[PDB]
file final_4.txt (compact mmCIF, C-alpha atoms and all ligand atoms)
# COMPACT_ATOMS: atom_id res chain seq x y z
CA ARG A 19 -68.52 83.21 -76.15
CA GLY A 20 -71.40 80.84 -75.43
CA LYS A 21 -70.36 77.26 -74.80
CA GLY A 22 -66.77 76.22 -74.18
CA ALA A 23 -64.94 73.03 -75.01
CA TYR A 24 -67.37 70.12 -75.16
CA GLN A 25 -65.09 67.54 -73.49
CA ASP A 26 -66.57 64.60 -75.37
CA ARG A 27 -64.43 62.14 -73.40
CA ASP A 28 -65.91 61.10 -70.04
CA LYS A 29 -63.37 58.39 -69.20
CA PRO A 30 -60.92 60.76 -67.39
CA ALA A 31 -63.67 61.86 -65.00
CA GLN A 32 -64.58 58.24 -64.27
CA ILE A 33 -60.92 57.41 -63.64
CA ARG A 34 -60.56 60.33 -61.23
CA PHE A 35 -63.76 59.34 -59.41
CA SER A 36 -62.64 55.71 -59.08
CA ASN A 37 -59.22 56.73 -57.75
CA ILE A 38 -60.83 59.04 -55.20
CA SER A 39 -63.33 56.36 -54.17
CA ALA A 40 -60.55 53.82 -53.60
CA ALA A 41 -58.45 56.27 -51.59
CA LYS A 42 -61.45 57.29 -49.48
CA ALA A 43 -62.30 53.62 -48.88
CA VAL A 44 -58.76 52.92 -47.65
CA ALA A 45 -58.81 55.98 -45.38
CA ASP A 46 -62.19 54.97 -43.95
CA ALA A 47 -60.95 51.42 -43.39
CA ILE A 48 -57.92 52.55 -41.38
CA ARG A 49 -59.75 55.43 -39.67
CA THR A 50 -60.86 53.29 -36.73
CA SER A 51 -57.24 52.67 -35.64
CA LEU A 52 -56.23 56.29 -34.94
CA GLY A 53 -55.53 57.98 -31.62
CA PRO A 54 -55.12 56.76 -28.04
CA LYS A 55 -58.61 55.23 -28.22
CA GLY A 56 -57.90 53.48 -31.51
CA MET A 57 -58.05 49.72 -31.77
CA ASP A 58 -55.80 47.20 -33.49
CA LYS A 59 -56.61 44.99 -36.48
CA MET A 60 -55.86 41.31 -37.04
CA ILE A 61 -54.76 40.37 -40.56
CA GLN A 62 -54.48 36.76 -41.73
CA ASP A 63 -52.39 36.24 -44.86
CA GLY A 64 -52.93 33.67 -47.59
CA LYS A 65 -50.15 31.61 -46.01
CA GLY A 66 -52.16 31.57 -42.77
CA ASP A 67 -49.81 33.87 -40.86
CA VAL A 68 -51.55 36.18 -38.39
CA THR A 69 -50.50 39.69 -37.36
CA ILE A 70 -52.09 42.18 -34.95
CA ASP B 462 -74.43 27.51 -2.79
CA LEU B 463 -70.89 26.18 -2.32
CA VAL B 464 -69.36 29.24 -3.98
CA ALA B 465 -71.70 31.47 -1.95
CA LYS B 466 -70.55 29.84 1.30
CA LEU B 467 -66.90 30.16 0.28
CA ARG B 468 -67.41 33.83 -0.61
CA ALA B 469 -69.16 34.44 2.72
CA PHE B 470 -66.29 32.81 4.61
CA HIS B 471 -63.68 34.88 2.78
CA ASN B 472 -65.70 38.08 3.19
CA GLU B 473 -65.95 37.47 6.93
CA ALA B 474 -62.20 36.83 7.01
CA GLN B 475 -61.50 40.10 5.19
CA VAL B 476 -63.89 42.30 7.19
CA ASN B 477 -63.24 40.80 10.65
CA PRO B 478 -59.61 41.12 11.81
CA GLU B 479 -60.23 38.47 14.48
CA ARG B 480 -61.07 35.80 11.86
CA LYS B 481 -57.99 36.06 9.63
CA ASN B 482 -57.53 32.28 9.86
CA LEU B 483 -60.49 31.85 7.47
CA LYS B 484 -58.34 32.91 4.50
CA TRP B 485 -57.37 29.25 4.08
CA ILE B 486 -60.98 28.06 3.66
CA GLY B 487 -61.23 26.29 0.32
CA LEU B 488 -63.37 23.61 -1.33
CA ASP B 489 -63.57 19.98 -0.21
CA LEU B 490 -64.79 18.20 -3.33
CA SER B 491 -65.28 14.81 -1.64
CA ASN B 492 -68.10 16.09 0.59
CA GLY B 493 -68.96 19.39 -1.12
CA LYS B 494 -68.34 21.61 1.91
CA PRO B 495 -65.93 24.45 2.69
CA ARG B 496 -62.79 23.23 4.42
CA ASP B 497 -59.61 24.77 5.82
CA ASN B 498 -57.24 23.79 3.02
CA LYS B 499 -54.07 24.84 4.86
CA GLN B 500 -54.59 22.15 7.50
CA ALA B 501 -56.01 19.76 4.88
CA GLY B 502 -52.69 19.67 3.02
CA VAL B 503 -53.93 21.24 -0.22
CA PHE B 504 -51.15 23.56 -1.37
CA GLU B 505 -49.92 25.14 -4.59
CA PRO B 506 -46.74 27.08 -5.37
CA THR B 507 -47.39 30.82 -5.35
CA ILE B 508 -45.60 31.11 -8.69
CA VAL B 509 -48.34 29.00 -10.28
CA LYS B 510 -51.11 31.44 -9.35
CA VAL B 511 -49.00 34.54 -10.04
CA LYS B 512 -47.88 33.41 -13.50
CA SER B 513 -51.37 32.14 -14.35
CA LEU B 514 -52.86 35.54 -13.48
CA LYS B 515 -50.23 37.49 -15.41
CA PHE B 516 -50.33 35.30 -18.52
CA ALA B 517 -54.14 35.11 -18.61
CA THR B 518 -54.43 38.88 -18.20
CA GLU B 519 -51.95 39.50 -21.01
CA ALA B 520 -53.71 37.05 -23.34
CA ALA B 521 -57.10 38.61 -22.59
CA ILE B 522 -55.68 42.07 -23.24
CA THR B 523 -54.15 40.92 -26.53
CA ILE B 524 -57.39 39.38 -27.79
CA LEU B 525 -59.54 42.27 -26.53
CA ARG B 526 -57.36 44.75 -28.45
CA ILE B 527 -58.77 43.49 -31.77
CA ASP B 528 -61.82 45.09 -33.36
CA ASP B 529 -61.44 44.20 -37.06
CA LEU B 530 -60.28 41.10 -38.94
CA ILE B 531 -59.09 40.89 -42.55
CA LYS B 532 -58.74 37.34 -43.88
CA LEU B 533 -56.98 37.31 -47.25
CA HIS B 534 -58.00 34.47 -49.53
CA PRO B 535 -55.33 31.83 -50.22
CA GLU B 536 -53.39 32.41 -53.42
CA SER B 537 -54.15 28.87 -54.63
CA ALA C 79 -51.24 26.96 -22.29
CA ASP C 80 -47.96 25.84 -23.86
CA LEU C 81 -46.15 28.85 -22.37
CA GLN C 82 -47.59 28.12 -18.93
CA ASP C 83 -46.40 24.52 -19.29
CA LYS C 84 -42.89 25.61 -20.26
CA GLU C 85 -42.44 28.37 -17.67
CA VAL C 86 -44.19 26.81 -14.65
CA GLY C 87 -45.30 23.27 -15.45
CA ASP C 88 -48.59 23.32 -13.52
CA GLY C 89 -51.95 25.06 -13.75
CA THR C 90 -52.18 24.76 -17.53
CA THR C 91 -55.96 24.26 -17.59
CA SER C 92 -56.61 26.96 -14.99
CA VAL C 93 -54.82 29.68 -16.95
CA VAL C 94 -56.76 28.89 -20.13
CA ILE C 95 -60.07 28.87 -18.26
CA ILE C 96 -59.28 32.14 -16.48
CA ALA C 97 -58.19 33.84 -19.71
CA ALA C 98 -61.36 32.76 -21.51
CA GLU C 99 -63.57 33.96 -18.65
CA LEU C 100 -61.70 37.28 -18.53
CA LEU C 101 -62.18 37.75 -22.27
CA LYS C 102 -65.88 36.87 -22.11
CA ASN C 103 -66.56 39.33 -19.29
CA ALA C 104 -64.47 42.02 -20.99
CA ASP C 105 -66.50 41.62 -24.18
CA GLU C 106 -69.69 41.78 -22.13
CA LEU C 107 -68.49 45.12 -20.76
CA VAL C 108 -67.53 46.31 -24.25
CA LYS C 109 -71.01 45.51 -25.56
CA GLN C 110 -72.31 48.00 -22.96
CA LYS C 111 -70.35 50.79 -24.73
CA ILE C 112 -67.45 50.62 -22.29
CA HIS C 113 -64.32 51.44 -24.25
CA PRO C 114 -61.86 48.53 -24.55
CA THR C 115 -58.99 50.73 -23.35
CA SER C 116 -60.80 51.29 -20.04
CA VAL C 117 -61.37 47.54 -19.70
CA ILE C 118 -57.69 46.86 -20.43
CA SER C 119 -56.56 49.42 -17.85
CA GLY C 120 -58.92 47.95 -15.27
CA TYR C 121 -57.67 44.44 -16.00
CA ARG C 122 -54.04 45.54 -15.62
CA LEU C 123 -54.74 47.29 -12.32
CA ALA C 124 -56.75 44.32 -11.03
CA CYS C 125 -53.97 41.89 -11.95
CA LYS C 126 -51.33 44.02 -10.23
CA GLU C 127 -53.43 44.39 -7.09
CA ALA C 128 -54.26 40.68 -7.05
CA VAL C 129 -50.57 39.80 -7.28
CA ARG C 130 -49.75 42.23 -4.47
CA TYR C 131 -52.55 40.88 -2.27
CA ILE C 132 -51.46 37.28 -2.89
CA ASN C 133 -47.86 38.11 -2.04
CA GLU C 134 -48.86 40.03 1.10
CA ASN C 135 -51.68 38.00 2.65
CA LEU C 136 -52.21 34.58 1.05
CA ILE C 137 -48.74 32.98 1.16
CA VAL C 138 -47.48 30.35 3.60
CA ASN C 139 -43.78 29.92 4.27
CA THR C 140 -42.60 26.34 3.74
CA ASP C 141 -40.01 26.51 6.54
CA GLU C 142 -42.94 26.63 8.98
CA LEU C 143 -44.02 23.18 7.73
CA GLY C 144 -41.04 21.22 6.39
CA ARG C 145 -41.06 18.04 4.31
CA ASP C 146 -44.79 17.73 4.98
CA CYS C 147 -45.35 20.82 2.84
CA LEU C 148 -43.50 19.23 -0.08
CA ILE C 149 -45.43 15.97 0.35
CA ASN C 150 -48.77 17.80 0.46
CA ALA C 151 -47.90 19.90 -2.59
CA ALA C 152 -46.91 16.79 -4.54
CA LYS C 153 -50.07 14.94 -3.50
CA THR C 154 -52.15 17.92 -4.60
CA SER C 155 -50.29 17.80 -7.91
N1 LIG D 601 -57.30 17.58 -2.79
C1 LIG D 601 -57.87 18.67 -3.34
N2 LIG D 601 -58.99 19.22 -2.82
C2 LIG D 601 -59.56 20.31 -3.36
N3 LIG D 601 -59.08 20.95 -4.44
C3 LIG D 601 -57.97 20.50 -5.07
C4 LIG D 601 -57.29 19.32 -4.54
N4 LIG D 601 -56.23 19.09 -5.34
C5 LIG D 601 -56.23 20.06 -6.30
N5 LIG D 601 -57.27 20.89 -6.14
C6 LIG D 601 -57.59 22.06 -6.98
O1 LIG D 601 -57.98 21.66 -8.29
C7 LIG D 601 -57.56 22.66 -9.22
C8 LIG D 601 -57.26 22.04 -10.58
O2 LIG D 601 -55.93 21.53 -10.64
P1 LIG D 601 -55.50 20.68 -11.93
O3 LIG D 601 -56.51 20.98 -13.01
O4 LIG D 601 -55.27 19.25 -11.54
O5 LIG D 601 -54.11 21.36 -12.36
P2 LIG D 601 -53.85 21.73 -13.90
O6 LIG D 601 -54.66 22.98 -14.11
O7 LIG D 601 -52.36 21.92 -13.98
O8 LIG D 601 -54.35 20.53 -14.67
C9 LIG D 601 -56.35 23.34 -8.61
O9 LIG D 601 -56.49 24.76 -8.71
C10 LIG D 601 -56.37 22.94 -7.15
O10 LIG D 601 -56.48 24.10 -6.33
MG MG D 602 -52.23 20.59 -12.16

call {"tool": "encode", "arguments": {"input": "final_4.txt", "output": "structure tokens"}}
result
Amino acid sequence: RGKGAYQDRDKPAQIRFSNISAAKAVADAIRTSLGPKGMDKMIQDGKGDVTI
Amino acid sequence: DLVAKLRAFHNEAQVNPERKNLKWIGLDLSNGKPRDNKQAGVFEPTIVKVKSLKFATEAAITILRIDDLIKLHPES
Amino acid sequence: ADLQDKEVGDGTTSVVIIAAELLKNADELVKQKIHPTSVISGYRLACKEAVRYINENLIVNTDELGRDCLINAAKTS
């Protein structure tokens, strides 16, 4: 048996890691606004409109 | 000292049932002394104070509810 | 301030000053690790009790005074 498939291509692993990192970043960003003790966020658009 | 004297007057009015007439003690800005503002002719509509309190409380609650700001850059 | 002007017409500076002071003190409490929800609940209860106390103890009926009450209110304005 010995070694298996070499998997010379490393790009798929990097793509998976980047996707996971982005999803985790989004989840962490919106984590603070969960539950009865969560707090709102204020978002200002490019047009200058504000929403809470 | 003026605010301290006013607070003392109102505290005495609240704790002593025999001095309930001190509730009207306000500020006389001309001489800088506490003065009975009911007999001095300094009145306001009650709706002014009530609406001011309600609106200010709601605005403070609305602002205090924020803990994070995202400011997107203008498209141009 | 604009809403206070539209709905009442007087006390436009007082409401802004009171709101700013309320916000400043609330943030001072929050900096001491007091949760903002507790501060909001306390503010709501305090506002309700203040309104009740004003309506029950600090009001003067105008019929007791007459046109002098209107004149004094205008002059104060
Ligand atoms: N003759 C007076 N003596 C003492 N205080 C007064 C007198 N007239 C008005 N005030 C007080 O000054 C405060 C400020 O009122 P003002 O700023 O003129 O109204 P607004 O906030 O609508 O501009 C009022 O809360 C009122 O109680
Ligand atoms: Mg005024």

call {"tool": "closest_residue", "arguments": {"input": "final_4.txt", "among": "B:498, B:466, B:476, B:484", "to": "ligand LIG 601 (chain D)", "atoms": "all atoms listed in the file"}}
result
B:498

call {"tool": "residues_near_point", "arguments": {"input": "final_4.txt", "point": "(-52.7, 38.4, -21.5)", "cutoff": "12 Å", "atoms": "only C-alpha atoms", "output": "list in words"}}
result
residues 512, 513, 514, 515, 516, 517, 518, 519, 520, 521, 522, 523, 524, 525 and 526 of chain B; 79, 81, 82, 93, 94, 96, 97, 98, 100, 101, 118, 121, 122 and 125 of chain C

call {"tool": "residues_near_ligand", "arguments": {"input": "final_4.txt", "ligand": "ligand MG 602 (chain D)", "cutoff": "6 Å", "atoms": "all atoms listed in the file", "output": "PyMOL selection string"}}
result
chain C and resi 88-89+155

call {"tool": "interface_residues", "arguments": {"input": "final_4.txt", "of": "chain C", "to": "chain A", "cutoff": "10 Å", "atoms": "only C-alpha atoms", "output": "MDAnalysis selection string"}}
result
chainID C and resid 113:116

call {"tool": "residues_near_ligand", "arguments": {"input": "final_4.txt", "ligand": "ligand LIG 601 (chain D)", "cutoff": "10 Å", "atoms": "all atoms listed in the file", "output": "PyMOL selection string"}}
result
(chain B and resi 487-491+493+495-496+498+501-505+509-510+513) or (chain C and resi 79+82-83+86-95+150-155)

call {"tool": "closest_residue", "arguments": {"input": "final_4.txt", "among": "B:473, B:537, B:464, B:530", "to": "chain A", "atoms": "all atoms listed in the file"}}
result
B:530

call {"tool": "interface_residues", "arguments": {"input": "final_4.txt", "of": "chain A", "to": "chain B", "cutoff": "8 Å", "atoms": "all atoms listed in the file", "output": "JSON, numbers by chain"}}
result
{"A": [57, 58, 59, 60, 61, 62, 63, 64, 65, 70]}

call {"tool": "write_last_selection", "arguments": {"input": "final_4.txt", "atoms": "C-alpha atoms", "output": "mmCIF file, in the coordinates of the input"}}
result
data_model
loop_
_atom_site.group_PDB
_atom_site.id
_atom_site.type_symbol
_atom_site.label_atom_id
_atom_site.label_comp_id
_atom_site.auth_asym_id
_atom_site.auth_seq_id
_atom_site.Cartn_x
_atom_site.Cartn_y
_atom_site.Cartn_z
ATOM 1 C CA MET A 57 -58.050 49.720 -31.770
ATOM 2 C CA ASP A 58 -55.800 47.200 -33.490
ATOM 3 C CA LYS A 59 -56.610 44.990 -36.480
ATOM 4 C CA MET A 60 -55.860 41.310 -37.040
ATOM 5 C CA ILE A 61 -54.760 40.370 -40.560
ATOM 6 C CA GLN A 62 -54.480 36.760 -41.730
ATOM 7 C CA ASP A 63 -52.390 36.240 -44.860
ATOM 8 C CA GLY A 64 -52.930 33.670 -47.590
ATOM 9 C CA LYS A 65 -50.150 31.610 -46.010
ATOM 10 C CA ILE A 70 -52.090 42.180 -34.950
#

call {"tool": "atom_distance", "arguments": {"input": "final_4.txt", "atom1": "atom CA of residue B:494", "atom2": "atom CA of residue B:467"}}
result
8.8 Å

call {"tool": "atom_distance", "arguments": {"input": "final_4.txt", "atom1": "atom CA of residue B:507", "atom2": "atom CA of residue C:137"}}
result
7.0 Å

call {"tool": "atom_distance", "arguments": {"input": "final_4.txt", "atom1": "atom CA of residue B:500", "atom2": "atom CA of residue C:142"}}
result
12.6 Å

call {"tool": "closest_residue", "arguments": {"input": "final_4.txt", "among": "B:511, B:482, B:462, B:497", "to": "chain C", "atoms": "all atoms listed in the file"}}
result
B:511
